[PDB]
Engineer: 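Before I ask anything, let me first share the structure, which is written out below as C-alpha cells.
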Amino acid sequence: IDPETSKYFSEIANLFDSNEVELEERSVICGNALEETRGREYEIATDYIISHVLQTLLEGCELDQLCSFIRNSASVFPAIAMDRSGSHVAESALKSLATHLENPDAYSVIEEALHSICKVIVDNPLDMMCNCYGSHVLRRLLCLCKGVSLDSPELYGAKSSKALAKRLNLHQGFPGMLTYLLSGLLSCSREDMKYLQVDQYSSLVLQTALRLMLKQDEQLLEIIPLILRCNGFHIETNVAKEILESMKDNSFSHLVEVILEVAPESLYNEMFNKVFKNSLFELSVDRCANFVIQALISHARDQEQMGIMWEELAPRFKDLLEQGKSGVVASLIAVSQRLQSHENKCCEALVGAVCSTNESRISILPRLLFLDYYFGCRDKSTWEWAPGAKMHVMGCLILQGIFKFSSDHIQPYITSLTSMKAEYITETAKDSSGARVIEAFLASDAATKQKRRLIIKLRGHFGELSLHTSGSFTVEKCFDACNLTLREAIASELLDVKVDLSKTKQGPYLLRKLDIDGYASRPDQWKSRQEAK
RNA sequence: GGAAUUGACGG
C-alpha cells in the first residue's frame with residue numbers, strides 16, 4: 001500500500017471526524033471512496049489501519065455502492081473474511097446489507113450480493129469454517145440469509161439468562177440462499193465431518209445454522225444426519241458409539257446441545273435410545289457432557305423417557321450435587337413438571353439427596369440456598385448458614401422450579417422455608433437470587449396462612465428491601481399477598497425511607513404502585529381503596 | 001427497575 005492511498009483514506013477519515021458534513025453528503029463521499037478500493041480490496045481490507053476506515057465507508061454508503069463492493073471483492077472475500085482485520089470489514093459489509101432488510105424494494109439486489117458471497121464460499125468452505133475470524137463472518141452471513149439482523153448471544157452462541165430460564169422452564173429472509181450456503185458447508189466427506197465436530201470454530205458455525213433452522217423439520221431431518229454422520233432416520237451401532245465417545249469433547253458437546261434443542265421428535269427419540277440411554281450418569285459427571293445431558297432432559301417428549309432418566313439419575317442426585325452438576329438436577333426437576341410424570345419422586349429425591357438423616361430435612365432450604373458452601377464445608381452435621389455470602393444461582397433456580405409444583409409434592413420445602421428464623425429470611429430477601437425463591441413461594445399454591453407467616457417475619461426490613469433493586473420487587477409481591485393489616489405496616493415502613501427510595505431507580509414505581517403518598521396524607525382513604533383490593 | 005450453570009471465541 002503506497003502513501004497516497006494511505007493519505008487518501010486517512011484524510012477521508014479525518015473529514016468524517018470533523019462533523020461539518022451532513023448525512024446526505026456523507027453517504028455520497030462514502031460511496032465515492034469505495035471506488036478507490038477497486039482492484040485492491042484485499043490489500044485495503046486487510047490493512048491494520050485502513051481496514052477501520054473501510055468499515056466506516058461500508059456502513060455509511062448506500063445500497064448500490066455497497067453491493068458493488070461486495071460484487072467486486074467477492075473473489076477475495078474468503079481471504080478478507082479469514083484475516084484478523086479483514087474479517088471486521090467483511091462483517092461491516094454484512095451489517096450494512098442487513099440495514100436494508102426491512103426495505104422490500106431491496107430484496108433482489110441483496111440476494112444477488114449474498115449469492116456472489118455464498119458462491120465463492122461454497123466453492124471452498126472448510127478452512128473458512130475452522131478459521132477463528134472466518135467463523136464469525138459465516139455466523140453473521142448465515143444469520144443474514146435467515147433475515148435476522150440484530151446480534152443475539154444465543155445465536156452466536158453464548159449463554160444467556162433467557163436461555164437458562166427457557167431450559168429451566170421458567171423478515172422472511174432468503175431461504176433458498178440459507179439452504180444453499182448450508183448445503184455447501186455440509187458437502188464434505190464423513191471423515192472431514194468427524195473433525196468439524198471437534199473444531200471449536202466449525203462447531204460454532206454449525207451451532208448457528210442449526211438454531212436458525214428451528215422448526216424447519218424437513219431441513220433439520222436432512223442436515224442433522226449429515227452432521228452426525230449417519231447417512232427413515234436411524235443411527236447404526238458403530239456410528240452411535242463414535243458419537244458417544246466424542247460427547248466429552250468441548251466443541252462437540254456444544255454442538256450436540258443445539259442438536260437436541262432443535263431435533264424433531266423422531267430424531268430426538270432415536271438419539272435418546274441409541275446414544276444416551278444407559279450412559280446418562282457417566283455423561284452427567286463429565287465437565288462438558290453434562291450440559292449435553294441437561295439439554296437431553298429438557299427436550300424429553302414422553303413419560304417413558306421420564307422414567308428412564310429418573311432411574312439412571314435420581315439415585316445419584318447426591319453425587320451430582322457434590323460434583324458440581326446441579327444443572328442436571330435442575331433440568332430433571334424442571335421437565336418432570338412439564339411432562340407431569342415423577343413429580344413427587346423428583347422432589348423427594350432432592351430432599352433425600354441433601355438431607356440424609358430425618359433430623360436434617362428441616363434445613364433443606366438453607367442448604368439449597370447455599371448449595372456450594374454446604375457441600376464444600378468440612379463438617380456438614382454442623383453447617384447452618386453462610387453469613388454474608390452470595391447465594392447459589394442454580395440452587396435458587398432449583399427452588400424456583402420447586403415452588404411451581406403443587407403443594408402436595410413440596411410440603412418439606414414449604415415447611416422448611418416458612419420455618420426459617422426472621423434474620424435468615426430477610427437475608428434471603430436481600431439476595432438477588434434468594435429473593436426469586438421467596439417470590440416463587442409467594443406465587444405458589446401454598447396456603448395463605450403459610451405465606452402470611454413468612455411475610456410477617458420480614459417486618460422491620462421492608463424499607464431496606466425497597467432500597468435494593470431486586471428486593472424492591474419482593475416488597476410489591478409481599479404487599480400484594482397481604483391483608484389490610486400488613487399492607488399498612490409495609491406502607492408505613494416505605495414511608496420512613498421515602499426520601500432515599502424516591503432517589504433509587506425503582507423507588508418512583510414502588511411509591512406509585514403502593515400509593516405511598518396517599519397513605520401519608522389521606523390514610524383512611526388509602527385503607528378503604530386497598531381493602532377493596 | 002433484578003441474580004443467570006460447572007465446559008470455548010477476534011484487529
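Residue numbers start from 1 in every chain, and the chains themselves are labelled A, B, ... in the order their sequence lines are given, proteins ahead of strands. Side-chain atoms are counted along with the backbone in the values below, which use heavy atoms only and exclude waters and symmetry mates.
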Engineer: Could a donor-acceptor pair under 3.5 angstrom be found where the side chain of A:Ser87 meets the base of B:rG10?
Structural biologist: yes
Engineer: Does A:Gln400 make a side-chain donor-acceptor contact with the base of B:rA3, cut-off 3.5 Å?
Structural biologist: yes
Engineer: Between the base of B:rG2 and the ring of A:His468 - centre-to-centre under 5.5 Å, planes within under 30° - is that a stack?
Structural biologist: no
Engineer: Measure from NZ or CZ of A:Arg139 to the centre of the six-membered ring of A:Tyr156, then state whether that distance is under 6.0 Å and the direction lies within 45° of the axis.
Structural biologist: no
Engineer: Quick one: are A:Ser363 and A:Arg367 in side-chain contact, heavy atoms under 4.5 Å?
Structural biologist: yes
Engineer: Residues in salt bridge (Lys or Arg N to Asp or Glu O under 4.0 Å) with A:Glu43, at least two apart?
Structural biologist: none
Engineer: A:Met394 CE to B:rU5 P: how many Å, rounded?
Structural biologist: 7 Å
Engineer: Quickly work out the A:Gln207 CD to B:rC9 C1' distance and round it to whole Å.
Structural biologist: 11 Å
Engineer: Should A:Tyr201 be listed as having a side-chain N or O under 4.0 Å from OP1 or OP2 of B:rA8?
Structural biologist: no
Engineer: Once side chain to side chain donor-acceptor pair (under 3.5 Å) is applied, what residue pairs with a partner in residues 426-444 of chain A remain, sequence neighbours excluded?
Structural biologist: A:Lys390-A:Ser433, A:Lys430-A:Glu464, A:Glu439-A:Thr474, A:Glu439-A:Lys477
Engineer: Side chain of A:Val393, heavy atoms from C-beta onward: which of B:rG2, B:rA3, B:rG11 has the nearest atom to it?
Structural biologist: B:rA3
Engineer: Any donor-acceptor pair, under 3.5 Å, between the side chain of A:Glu257 and the base of B:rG7, if you only look at N and O atoms?
Structural biologist: yes
Engineer: Check the distance between B:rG1's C1' and A:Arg436's CZ and give it to me in whole angstrom.
Structural biologist: 11 Å
Engineer: Please identify each residue that fulfils ring pair (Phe, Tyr, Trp, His ring centres under 6.0 Å) with A:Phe403, with sequence neighbours left out.
Structural biologist: A:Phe441
Engineer: Report the distance from atom OH of A:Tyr133 to atom P of B:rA8, rounded to the nearest whole Å.
Structural biologist: 19 Å
Engineer: I need the residues from residues 279-292 of chain A with at least one non-hydrogen atom less than 4.0 Å from RNA chain B; give them sorted by number, or say none.
Structural biologist: A:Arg287, A:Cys288, A:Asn290, A:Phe291
Engineer: Sign of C1'-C2'-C3'-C4' at B:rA8: does that make it north or south?
Structural biologist: north
Engineer: Please list, chain by chain and in numerical order, all residues satisfying side chain to side chain donor-acceptor pair (under 3.5 Å) with A:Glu423, sequence neighbours excluded.
Structural biologist: none
Engineer: Before we go on, tell me: are the rings of A:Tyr424 and A:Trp385 under 6.0 Å apart, centre to centre?
Structural biologist: yes
Engineer: Measure from the side-chain heavy atoms of A:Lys325 and tell me the nearest of B:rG7, B:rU6, B:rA3.
Structural biologist: B:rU6
Engineer: In whole angstroms, how far is the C1' atom of B:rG2 from the CD1 atom of A:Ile438?
Structural biologist: 14 Å
Engineer: Is it true that the side chains of A:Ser246 and A:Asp249 contain a donor and an acceptor less than 3.5 Å apart?
Structural biologist: no
Engineer: Does the B:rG1 base have a donor-acceptor partner in the side chain of A:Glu476 within less than 3.5 Å?
Structural biologist: yes
Engineer: Please report the distance, rounded to the nearest Å, between CD in A:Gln506 and P in B:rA3.
Structural biologist: 13 Å
Engineer: What's the closest nucleotide to the A:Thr474 side chain, out of B:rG2, B:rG11, B:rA4?
Structural biologist: B:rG2
Engineer: Could you state the CD1-P distance from A:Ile44 to B:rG11, rounded to the nearest angstrom?
Structural biologist: 22 Å
Engineer: Measuring from the side chain of A:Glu91 (C-beta onward, heavy atoms only), which nucleotide among B:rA3, B:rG10, B:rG11 has the closest atom?
Structural biologist: B:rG10
Engineer: Is there a donor N/O on one and an acceptor N/O on the other, under 3.5 Å, for the side chain of A:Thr469 and the base of B:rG1?
Structural biologist: no
Engineer: Is any side-chain N or O of A:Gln294 under 3.5 Å from a base N or O of B:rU5, one able to act as donor and the other as acceptor?
Structural biologist: yes
Engineer: Scan A:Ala330 against the nucleic acid and name what it touches under 4.0 Å (heavy atoms): base, sugar-phosphate only, or nothing.
Structural biologist: nothing
Engineer: Using the P atom as the point on both nucleotides, what is the distance between B:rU5 and B:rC9, in whole Å?
Structural biologist: 14 Å
Engineer: Between atom NE2 in A:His254 and atom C1' in B:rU5, what is the gap in whole Å?
Structural biologist: 11 Å
Engineer: Stacking here means centres under 5.5 Å and planes under 30°; does A:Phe473 stack on B:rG1?
Structural biologist: yes
Engineer: Name the atoms and distances for all side-chain donor-acceptor pairs under 3.5 Å in residues 198-206 of chain A, with sequence neighbours left out.
Structural biologist:
residue, atom, partner, partner atom, Å
A:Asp199, OD1, A:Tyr201, N, 2.9
A:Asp199, OD1, A:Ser202, N, 2.8
A:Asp199, OD1, A:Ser202, OG, 3.3
A:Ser202, OG, A:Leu196, O, 2.8
A:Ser202, OG, A:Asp199, O, 3.3
A:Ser203, OG, A:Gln207, NE2, 2.8
A:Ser203, OG, A:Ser251, O, 2.9

Engineer: If you check every side-chain atom of A:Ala165, which of B:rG1, B:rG11, B:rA4 has the closest atom?
Structural biologist: B:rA4
